[PDB]
Each structure stands twice: as C-alpha cells, then as structure tokens.
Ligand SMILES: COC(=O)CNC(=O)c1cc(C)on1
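To begin, one chain is listed below as structure tokens, in the form solved without this ligand.
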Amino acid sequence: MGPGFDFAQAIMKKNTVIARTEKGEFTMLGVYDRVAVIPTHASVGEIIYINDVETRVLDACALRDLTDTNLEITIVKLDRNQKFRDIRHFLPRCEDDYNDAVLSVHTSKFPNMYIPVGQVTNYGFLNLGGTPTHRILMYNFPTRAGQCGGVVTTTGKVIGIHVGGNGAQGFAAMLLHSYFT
C-alpha cells in the first residue's frame, strides 16, 4: 500500500522459501549464496524441506553472543541448486530502534501476509519460552503461532526475524551484517 510494503514485498518475492522441519512450517529468509536463517526453535536437522523439496543441510549453527547467551538465530547452508539474491547490504551493522516496520510471512497457512507493526524497540533481554535471549526487538502487535521466521523490515533495511510473542507484543531476533561475513 506504500513504500514500506514495497520493500517488504521485494524481499519476500526473491529472498524467502517455505522451510519445514519436524517442529512445523516456517518463513525462511535467504541472505546470500545458499545461506538462510530460521528461528533456532525450528530444530533444524540433517534434512529439511524447502518449498516441499527434500534438501540436505550442509551446515547449521545456532548463534550465541560472547556472553554465551542464546540469540535464537540459526544460520543454515542448504544443498540447493540455486543461490539467493545477495541482500547483505540491507542488514544493519549495529543494535538499534526503528520506526514504521513491516512483518512479512509466507507459509501454506499464511500466504502473502504483511503486518504493519509500527515502532520497534531495542528490548534487549527476553526470557523466551524459558530461555534467556539477547538482542530482542519488540513491537506492539498481537502476533500468533505461524508467524515465526517472519521477516521484519523497514524501508531499505532487513532488521530481524520473528521468534515469539506474549499475546499483545511480538519479538524478533536482530539480524546484523557481522553474522554473514
């Protein structure tokens, strides 16, 4: 409907796949080459389904900060026959607050879904499902089961992936340029 939705749509149309694990279907952001991200609670194994294609996982790394605190981001390298458009130049370099974000989701359950979530707070620490988690972004939208892995964007930046909610707020894990060097 406006430039925020335009940037979000451009990311969804070229840089997302539907990932299926034993824990469900997730929006999965492709970042560059065969490298993608997914919430760590997706529990990626040796095999994953990508757009319903059986795919070998070549590497998977559950990220933690240098305090050895969960970040809730898993970086996956996929044995896929095609590269993603390189979007690393849209990743923030530092932890920040944002205005006017969109959360975008694409699954069997929620196709072509775009939510204007508004102002995004650098929340920091969250006890996420009982797990101490750092680098959390917070927005005041009542997100639901099925939106995990959803992409959080502003005009010109890909800032996070949706990892949870409390019924009134939603929470995303930061994406930082330094994760994908």
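So that there is no doubt, residue numbering starts at 1 and follows the sequence shown.
Per-stretch averaging of Cα B factors for 47-55 and 140-148 places 140-148 on top. Per-stretch averaging of Cα B factors for 62-70 and 26-34 places 62-70 on top.
For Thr133, the recorded CA B-factor ranks within the middle third of the chain. Only modelled residues enter the ranking. Remark: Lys109 belongs to the highest third of its chain, ranked by C-alpha B-factor as recorded. Residue-level temperature factors show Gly118 in the highest third of its chain, judged at the C-alpha atom.
Residue-level temperature factors show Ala172 in the lowest third of its chain, judged at the C-alpha atom. Looking at the C-alpha B-factors along this chain, the one for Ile87 belongs to the lowest third.
There is another form of the same protein, the form solved in complex with this ligand; it is not shown, and what comes next is about it.
Under a 4.5 angstroms non-hydrogen atom cutoff, this ligand in the deposited complex has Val163 among its neighbouring residues. Although the partner is absent from this view, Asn122 contacts this ligand in the deposited complex, with a non-hydrogen atom inside 4.5 angstroms. A residue is said to contact a partner when one of its heavy atoms sits within 4.5 Å of a partner heavy atom; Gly129 meets this definition for this ligand in the deposited complex.
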